[PDB]
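One structure is given below, encoded as structure tokens.
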Amino acid sequence: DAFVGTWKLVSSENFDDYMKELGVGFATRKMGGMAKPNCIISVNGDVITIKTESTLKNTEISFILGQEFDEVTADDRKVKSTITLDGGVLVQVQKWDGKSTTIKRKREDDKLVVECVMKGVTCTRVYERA
Ligand SMILES: COc1c(C)c(C)c2onc(C)c2c1C/C=C(\C)CCC(=O)O
């Protein structure tokens, strides 16, 4: 939709703090810190797919809005995820071991803006069309 496309990461603020707050260890945080992934968003019928591609790590989810799904995250957490569309924002929550984190994806001007929150840490990552 407004989201459909191939998106390249162009900026990131506070991602190391976000990963630390999730409990990611040094080696895995090193792999994520300077990565500049592509995010490929597609839709078919009821199913939305978000691919994340980077040199040292690829991930993929496919989901239906409002339907919980199991997810293995890039840092190897086993989480329960639910994604909804609220005011044009794709809102994802991951729940595991009594914790939660949110990942909100929105379109702003030429940007796909992704806000990631864990506790008091907020990370902002911006992608632009490849
Ligand atoms: C790049 O992918 C990685 C990697 C490589 C590492 C090590 C990671 O460790 N923890 C996480 C989480 C993580 C991610 C996904 C990034 C996000 C969900 C941020 C929002 C976005 O930009 O989609």
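Following Swiss-Prot, chain A shows residues 3-132, kept in their order.
Positions of Cβ are set from backbone N, Cα and C atoms, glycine also.
Record features (Swiss-Prot):
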BINDING   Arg127, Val128, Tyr129  fatty acid binding site
MOD_RES   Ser13  phosphoserine
MOD_RES   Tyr20  phosphotyrosine
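A map of Swiss-Prot features onto the structure.
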| residue | record | Cβ contacts under 8 Å, 6 or more apart |
| --- | --- | --- |
| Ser13 | phosphoserine | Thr126, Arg127, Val128 |
| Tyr20 | phosphotyrosine | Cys118, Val119, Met120, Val123, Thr124, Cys125 |
| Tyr129 | fatty acid binding site | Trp9, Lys10, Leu11, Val12, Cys41, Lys113, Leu114, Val116 |
Contacting recorded positions for ligand 1, chosen from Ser13, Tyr20, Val128, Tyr129 when the Cβ sits under 6 angstroms of any of its atoms: none
Secondary-structure category, per DSSP, in which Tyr20 (phosphotyrosine) falls: helix
Fatty acid site, defined by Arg127, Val128, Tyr129: further same-chain residues with Cβ within 8 Å of the Cβ centre: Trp9, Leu11, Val12, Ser13, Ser14, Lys113, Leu114, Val115, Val116, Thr126, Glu130
